[PDB]
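Provided herewith is a single structure, encoded as structure tokens, for subsequent inquiry.
For neighbour counting, all protein chains shown are included, and Cβ atoms are generated from backbone atoms with ideal geometry for every residue, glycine included. Just so it is clear, none of the values below were taken in a lab; they were calculated from the coordinates.
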Amino acid sequence: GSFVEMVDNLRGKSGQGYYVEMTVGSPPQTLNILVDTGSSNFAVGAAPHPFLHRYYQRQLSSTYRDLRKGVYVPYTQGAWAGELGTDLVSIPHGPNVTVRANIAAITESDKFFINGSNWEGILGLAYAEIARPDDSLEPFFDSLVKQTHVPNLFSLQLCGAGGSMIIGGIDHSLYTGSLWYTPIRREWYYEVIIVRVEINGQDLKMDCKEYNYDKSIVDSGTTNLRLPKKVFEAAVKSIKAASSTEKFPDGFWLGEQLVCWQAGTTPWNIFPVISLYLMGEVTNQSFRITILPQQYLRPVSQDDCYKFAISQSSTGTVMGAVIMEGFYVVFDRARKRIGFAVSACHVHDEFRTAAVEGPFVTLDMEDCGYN
Ligand SMILES: C[C@@H](NC(=O)c1cc(COC(=O)[C@](C)(N)Cc2ccccc2)cc(N(C)S(C)(=O)=O)c1)c1ccc(F)cc1
């Protein structure tokens, strides 16, 4: 394939975030940067921190331009403060371009950086609406598309227990079967609409408005599949019922307790598959993505310890790495849609595999979204 030099450009594996190398300033300073579709700021550690191996030294960059303005970014998890500026930025294993991008130099942070994660900054790939301080701070990908001829599209293959970020296109070696597209409802987060949920083929039978209450977003920088409280509770009762060939403590289903098995003995087969039906591109048409326990049970000697990685949220549905590790995911910004196909690297067994299937007939899907 023609995008071959972008294949395998992501690292992670320790399970603490997927990062790409980005080269900033002049002379070059290369740092490991978290690939984050749940936010819209490009920011790098710019001062020593106990969890950082390296950081951005602005004094050493001749092309750095201080915007003389501060920035504070609080996330769902963690927060940071820094200084705004612009500098030259390239991705040595991404597109063959260099852009002048907004960069936040992080000087202070709380519960943001992760010990042993090996990433030192974050690349917010969502839209300007959710950028801080405000939507006038052009996100990196917006700069890329305005300044170059790189097509307005990227795609992500996250390989769980690195992966690929293809910028400007799609690489067919990264997936099997067909790509299925769901509309981006609104360009702020990567917002989508979930129309039905099944556990082992059994409908959860909740009003679809509950699935997207507040919103449903795709976020490569969130570990879990996060579900609204009412949805989470129903899903857990259903998953418990379907996996009742063995029992687990209450706190396991809450993420508070881990269960471990002897190496290579995890009874994947006793846990159900989970299907999310997403709005399709044609009227009354949907498709479904199906994940295995290998996706939603995340590994933490001779002992294989796992955390249940479906959790509750009060800010709507978040399709994090639990979802993304099953699939090659196409963020087709030019056509305002997100595609899913079975990943060439998703973790599975000889009996079951992740799936993307359709089409299905689903009526009144427009009703499912929150206003
Ligand atoms: C970086 C790291 N991400 C996390 O640990 C993580 C991140 C968020 C909020 O995440 C967010 O608010 C942002 C938009 N992704 C920004 C961000 C905040 C902090 C760290 C990195 C990026 C929430 C949660 N949960 C509350 S949870 C346990 O329900 O998933 C877990 C990660 C990402 C992907 C992976 F495969 C593995 C680790």
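Output the residues belonging to the stretch 306-364 that are among the acidic types (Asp, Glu) and surrounded by 18 or more Cβ atoms within 10 Å (Cβ to Cβ).
Initial filter on the stretch 306-364 (among the acidic types (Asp, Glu)): 325, 332, 349-350, 357, 364.
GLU325, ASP332, listed by residue number.
Across the stretch 56-77, what is the total count of residues that are of a type in the set (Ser, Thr, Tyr) and under 24 Å from the mean Cα position of the chain (by Cα)?
3
Any chance the stretch 32-42 includes a residue that's out of contact with any strand residue (DSSP E or B) (no Cβ under 6 Å at 6 or more places or on another chain) and surrounded by 14 or more Cβ atoms within 10 Å (Cβ to Cβ)?
Within the stretch 32-42, one or more residues are out of contact with any strand residue (DSSP E or B) (no Cβ under 6 Å at 6 or more places or on another chain) and surrounded by 14 or more Cβ atoms within 10 Å (Cβ to Cβ).
Quick check on the stretch 275-291. Is at least one of its residues in contact with a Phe, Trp or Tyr (Cβ under 8 Å, 6 or more places away or on another chain) and within 22 Å of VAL259 (Cβ to Cβ)?
No, the stretch 275-291 contains no residue that is in contact with a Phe, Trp or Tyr (Cβ under 8 Å, 6 or more places away or on another chain) and within 22 Å of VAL259 (Cβ to Cβ).
Within the stretch 270-299, can you find the residues that are within 25 Å of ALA341 (Cβ to Cβ) and part of a helix (DSSP H, G or I)?
If the condition is that a residue be within 25 Å of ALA341 (Cβ to Cβ) and part of a helix (DSSP H, G or I), then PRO293, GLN294, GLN295, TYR296 are the ones that fit.
Inside the stretch 238-247, can you point out the residues that are surrounded by 13 or more Cβ atoms within 10 Å (Cβ to Cβ) and either under 15 Å from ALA309 (Cα atoms) or basic (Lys, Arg) (or both)?
Hits for the stretch 238-247 are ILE239, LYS240.
Then there is this: Among the candidates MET319, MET324, single out the residue that is under 21 Å from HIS172 (Cα atoms), aliphatic (A, V, I, L, M) and within 16 Å of the ligand (Cβ to nearest atom).
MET324
Kindly provide the set of residues from the stretch 1-39 that are part of a loop (DSSP other than H, G, I, E, B), farther than 20 Å from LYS111 by Cβ and within 14 Å of the ligand (Cβ to nearest atom), ordered by number.
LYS13, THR37
Sticking with this one: Working carefully through the options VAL329, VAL342, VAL318, find the one that is over 14 Å from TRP180 (Cα atoms), within 17 Å of the chain's Cα centre (by Cα) and assigned to a strand (DSSP E or B).
Result: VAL318 is the single residue among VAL329, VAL342, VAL318 that is over 14 Å from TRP180 (Cα atoms), within 17 Å of the chain's Cα centre (by Cα) and assigned to a strand (DSSP E or B).
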